[PDB]
Amino acid sequence: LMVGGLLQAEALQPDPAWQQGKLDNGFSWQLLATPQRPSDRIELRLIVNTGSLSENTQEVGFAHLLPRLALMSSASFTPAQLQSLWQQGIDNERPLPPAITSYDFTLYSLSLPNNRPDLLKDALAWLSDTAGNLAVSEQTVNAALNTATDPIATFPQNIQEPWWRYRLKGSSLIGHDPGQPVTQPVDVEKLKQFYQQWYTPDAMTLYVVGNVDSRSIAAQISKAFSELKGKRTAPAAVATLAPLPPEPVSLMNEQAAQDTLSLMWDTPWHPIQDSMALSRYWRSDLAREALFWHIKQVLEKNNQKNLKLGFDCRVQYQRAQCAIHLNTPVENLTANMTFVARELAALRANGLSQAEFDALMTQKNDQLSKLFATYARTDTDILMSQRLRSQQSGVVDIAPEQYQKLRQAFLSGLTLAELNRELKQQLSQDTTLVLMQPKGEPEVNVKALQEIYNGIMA
Ligand SMILES: [Zn+2]
Ligand SMILES: [Zn+2]
Ligand SMILES: [Zn+2]
Ligand SMILES: [Zn+2]
Ligand SMILES: [Zn+2]
Ligand SMILES: [Zn+2]
């Protein structure tokens, strides 16, 4: 017995449900078998770490063009077979385009019916044709440029948004719009060289979610993709944004019905490495949720003329963006902004009441109790999008039993004082006012609006 009287956190566990492997050429794959979704569609995603940032000025639009070629013709397919695949390759809801191209990636997507081994074979053949034997010729390029529509999407979905144009300023993404048309006539030889340079197996990951046979599909993936050649000499491009400037701004927008004033915060994102970071993230997230929740409730009890409120957070380009959106006619803007700003001032100073906190925590405890019920009811495409979001944005995916344990301990440990301090800290960082106006609406003086706002927040 040691004579003393008055004298760590566990490692986070990656979710072992996600089986992973690497082929000898560096091709990566990840598989989530879903026997709880035995009849749901099989989702396949091929991410290639090649986007518009890979393009020099003689290659503008090349990354966006390549996937359209893959829809004109594919080496393993007759026209009839290619059409048959794609007629049966789109999800029943939240359908995805065949490919999405962006600054630092291209994403190919197929959604197959359940219990169709033939279509799984075809899907893998289409994806391997695309990955290593893309049909790049004068004939396919001409055909692609003469389509009535553009089946290839971008991320962000609308690069032309005045908000996006503003947000892009000071970044490395300028002059690399991912959906730009190619310069014609196309140097087909240069296009093929670009494809061979940048479509290398070490820059690819295949993801599969569904009630599949994990033993046979691993073997099929190896046989489909192990012959790909090439290696990147440098790390793949990573798209990064500059910090959001602090100044208020008005942006005219041609699709807006009415104004949206956004109260925004933008900060560097630090991926969660350990349990302590996880807890800090959850405290911050819950404060954000609490505030939105509280304002929504106050609004339901105290109607404000023509106000609709929105709230969201995203992690993208290594930045965390959290926004409160006030959708309002311009005639009601100052009143509606004042309504929200007075809530923020009160929450900054005093936070939640104990009763409000206890309500919140009952609700969060309820949601946690529903964890596995929610999971069982989750469509394979949602499982897939969650995984890609985790992977692309660096937001950690942990074993669900560990999640349940750590989240329970977070909720049971959290005090009013702690949540209110987090609220105070968050709201003590100045917001950034971003006003979107409809085209044709007289410009609002956002400096004046900022002064009014500053008055309330004093
Ligand atoms: Zn022509
Ligand atoms: Zn396009
Ligand atoms: Zn938003
Ligand atoms: Zn309040
Ligand atoms: Zn689905
Ligand atoms: Zn277990």
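Here, residue 1 is the first one in the sequence, and each next residue gets the next number. Counting starts at 1 for both ligands and their atoms, following the listed order. Values reported hereafter were calculated over all heavy atoms of this structure, with side chains retained and with hydrogens, waters and symmetry mates removed.
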- Message: Before moving on, can you tell me the angle at the Zn ion (ligand 2) between the O atom of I152 and the NE2 atom of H64, to the nearest 10 degrees?
- Response: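 About 100°, to the nearest ten degrees.
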- Task: Starting from the C-alpha separation in whole Å, work towards a yes-or-no answer on salt bridge (charged side-chain N to carboxylate O under 4.0 Å, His left out) for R288 and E422.
- Result: CA-CA 9 Å; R288 291 185 286 258; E422 182 66 41; 5.8 Å; no
- With the Zn ion (ligand 3) at the centre, find the angle made by OD1 from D312 and NE2 from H325, to 10°.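 Taking the Zn ion (ligand 3) as the apex, the two atoms subtend 120°.
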- Message: When you compare the side chains of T50 and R232, does any donor N or O come within less than 3.5 Å of an acceptor on the partner?
- Response: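 Looking only at side-chain atoms, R232 and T50 do form a donor-acceptor pair, the distance falling under 3.5 Å.
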- Determine whether the side chains of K190 and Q193 contain a donor N or O and an acceptor N or O closer than 3.5 Å.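 Short answer, no.
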- Of all N/O/S atoms in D150, the name of the one nearest the Zn ion (ligand 2):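 Answer by atom name: OD2.
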- Determine the minimum heavy-atom distance between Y103 and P156, stating which atoms define it.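 In terms of heavy atoms, the two residues are closest at CE1-CD, 4.0 Å.
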